[PDB]
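Data block below; observations after.
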Amino acid sequence: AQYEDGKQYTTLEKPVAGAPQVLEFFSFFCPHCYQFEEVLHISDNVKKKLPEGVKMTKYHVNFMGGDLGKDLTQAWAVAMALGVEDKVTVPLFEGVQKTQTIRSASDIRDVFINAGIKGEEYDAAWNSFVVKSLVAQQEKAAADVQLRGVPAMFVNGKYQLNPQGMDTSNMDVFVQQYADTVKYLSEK
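No gaps in the numbering here: position 2 of the sequence shown is 2 in PDB author numbering, and each next residue is one more.
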């Protein structure tokens, strides 16, 4: 067919029941994740083509960047809880990979402060049990698919995107092939 199992996507041998409909994993340490998010805008273009009623989830992972990597997973939980993902995604990516000015939990906190989150609110969220359960959700979802690399996208806990079998000569064309493929999988 046009969309072949083992080509543009693979099927999980062990389907994950109860999984989010569209689930993306990334790391702020991940160079291809920086490309995906800051240059290609994969999440946004997938969103614009998803059928009505299909929600998008994006989680951070621990297996890159050691201690700071784990701090970033907790910070991403704070971002999700406060609903400020769209305010901190760019300065966190640029802080880790472009300026290399994020070296501690306090440097992470500075990004939220600069983005207009009050110090008191950030600190409250950072130590909250709501954030601890969000951290748990991120770890569990990665564990459910035995995740060992990013970026990664899963659809209905059944299908995993396979971008390596795609022409990347043109960035726009690649992004829309990726998005059209997620849409196809979402309708499967």
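Ideal placement from N, C-alpha and C gives every residue a C-beta, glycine not left out.
Touch test, the segment 4 to 13 against the segment 23 to 33, Cβ-Cβ under 8 Å, three pairs minimum: no
Residue from 93, 60, 65 and 8 with nearest C-alpha to residue 78: 60
Local Cβ density within 10 Å of residue 153, reported as buried at 16 or more and exposed below that: buried
Residue interval of the beta strand (DSSP E) (run including residue 60): 56 to 60
Straight-line Cα distance separating residue 182 from residue 51: 10 Å
Contact set for residue 173: own chain, Cβ-Cβ below 8 Å, skip 5 residues either direction: 167
Burial state of residue 179, where buried means 16 or more other Cβ atoms lie within 10 Å: buried
Span of the alpha helix (DSSP H) around residue 131: 129 to 144
Distance between residue 102 and residue 141 (C-alpha atoms, nearest Å): 26 Å
Secondary structure, alpha helix (DSSP H): runs of 4+ residues fully inside the segment 23 to 94: 31 to 34, 42 to 47, 66 to 82 and 85 to 93
Under the three-state DSSP convention, the category residue 9 falls into: strand
Residue 62 burial status per 10 Å Cβ neighbour count (16 or more: buried): buried
Residues near residue 150 in its chain [Cβ-Cβ closer than 7 Å; skip 5 each side]: 25, 26, 27, 30, 33 and 61
Same chain only: Cβ atoms within 7 Å of residue 47, ignoring 5 sequence neighbours per side: 56
Minimum C-alpha distance to residue 89 - residue among 104, 37, 66 and 134: 37
Contact belief for residue 17 with residue 71 at Cβ below 8 Å, rounded distance in angstroms: Not really, about 31 Å apart at Cβ, beyond 8 Å.
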